[PDB]
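As structure tokens, one chain now follows by itself in the form deposited in one PDB entry.
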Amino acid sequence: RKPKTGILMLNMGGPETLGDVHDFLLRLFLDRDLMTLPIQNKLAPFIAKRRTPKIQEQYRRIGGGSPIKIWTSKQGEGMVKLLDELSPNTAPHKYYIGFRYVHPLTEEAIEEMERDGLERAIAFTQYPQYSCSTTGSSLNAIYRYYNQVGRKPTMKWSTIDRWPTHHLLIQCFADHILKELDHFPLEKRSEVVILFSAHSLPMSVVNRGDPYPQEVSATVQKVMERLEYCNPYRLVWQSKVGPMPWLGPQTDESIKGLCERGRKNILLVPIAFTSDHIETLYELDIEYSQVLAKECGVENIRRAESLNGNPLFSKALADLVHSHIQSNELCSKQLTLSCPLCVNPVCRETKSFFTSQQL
């Protein structure tokens, strides 16, 4: 059969090889849903060119690019196999990858879904916790697509716009933490600090009402509850860019501080981005990790595995899509409230786009 139900898997994407870095950065610095700059169209190319070498080097340090496309396909394949059996009524299901900044682009994916003549189309964010900078931008792209092409959808749209506490998602994290705890010496396991490390946001964005920090905090609590509070934890924030204030404590400064304070065993947990991504200073820079161990005698810094290809993760994705279908919901209740200090007029347009959809 032709596909009946399209599942658009939304994420920012990542450069597949170091050659893909420039254009990735270009599209990112051009995203007005992410950031607004003066003379943006002139400034984005310059910033992209300027930061390309730094970012290529970071991707090189993690194997030569981002594996997001391959992992997202794997998960999409596994999700679709389960849905076809879970929801025969909406079968056949087809997943589509819609990346914000690399091919296949959100717009290229919408264009294919439309030509496929689907009956139903689900904007399924791959960020469990909603930020306007992440899911918001991806959702805004869907609206901006139809508005640029000056026409209306031929498919029935809905969105799964957040899922920070999904039970199978929580189960996956708790499982990966336990597996990584096993790699610490038995005599030290109970002493390990679990540092949940999510990507930071600028304080300007936190202060305008972005939902992300509170949702990330919920995921953390649910994971520790599942783990029966077996170890001590903190939620800290990684990878802040530039000189402006961002939400802290910063992951790097917290690893250093913890080691200076006698905590020699640290387990980093990627709580807010489900694929392998760029690592932190103490994980990557050997000059820095050398100094740390000399001064404070750090014993073990380890990072839990990314949800990547874990099949209980595909079960999570299918469970979410299946529940969404059964519920007949068009979006979360949370999507219907914009940030108290939102200054982007596209946000409410995108909201109405979803809440107003046929069905």
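When you see a residue number, it is the position in the sequence shown, counting from 1. C-alpha atoms forming the largest set that superposes within 1.5 Å between two forms make up the rigid core.
Another form exists, deposited in another entry; not displayed. Remarks below refer to it.
The residue among 237, 145, 282, 71 whose Cα moves by 2 angstroms or more between this form and the one not shown, once the core is superposed, is 282.
Shown in the overlay between this form and the one not shown, fitted on the rigid core, is a CA shift at residue 294 of 2 Å or greater.
Relative to this form, in that other deposited form the C-alpha atoms of residue 255 and residue 281 separate from one another by 3 angstroms or more. Relative to what is shown, residue 282 and residue 194 are farther apart in that other deposited form; their C-alpha atoms differ in spacing by at least 3 Å.
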